[PDB]
């Protein structure tokens, strides 16, 4: 009866971090993707292929996915960009899948977007001000968001009274029994909170509980794969620092 649901966001073509998360998560009944499957990392095809199969119910588009659907005809100094490189990795099947994705899913007690329910693809939620503007923008008890690459939770009354959002620790259990919440699982593939571990959440709707998790992964291996692809050193280094 009770389900256990893996919620992930911002994989960013980091296959090693995604595989580390999948093994870490354990027995799960469903997997939800909040977008940004590609961009930055060395394995965009493999990450799209995985997310496609694993997230049949909730898989929303991120801003990097939406950017990379862009076709370009390039007869050249532009070939230096990591954004351009990502686009060139995608084959028909990956493009078709990304093109199919909704920017918003509403099902039962939850709304899921990449950025914010006001601006699904684009808007970051990282303070009370913006959280407050977003609570009227969804009509379910819960809204799941990504895009900042930092795990986060805030209740509606806190946001409306300008109380700062919470940055959950590894293993932190959040009781979502009462009141409405905006919840961010952090990034699987490019965390930005100074903790280089991959980030995800586990949602158990029957228990009314969200648990936040971090998992170490082999950053050296993703870094090796990026250097092999000729990706810029500034992107390679960030991953060790979690910035």
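Residue numbers count along the first chain shown, from 1.
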Avg C-alpha B-factor, entry values, 15 to 23 vs 226 to 234, higher side is 226 to 234
Comparing mean C-alpha B factor in the record for 130 to 138 and 76 to 84, the higher one is 76 to 84
Top Cα B-factor in this entry, restricted to 150, 98, 121, 160, sits on 160
Note to self: of 190, 211, 59, 208, the C-alpha temperature factor tops out at 208
Tertile call for residue 115 (CA temperature factor, within chain, third-based) is the lowest
Temperature factor at the Cα of residue 168, chain-ranked in thirds, falls in the middle
On the chain's distribution of Cα B-factors, residue 125 falls within the third called middle
Quick tally, chain-level thirds of C-alpha B-factors: residue 175 sits in the highest
Quick tally, chain-level thirds of C-alpha B-factors: residue 28 sits in the highest
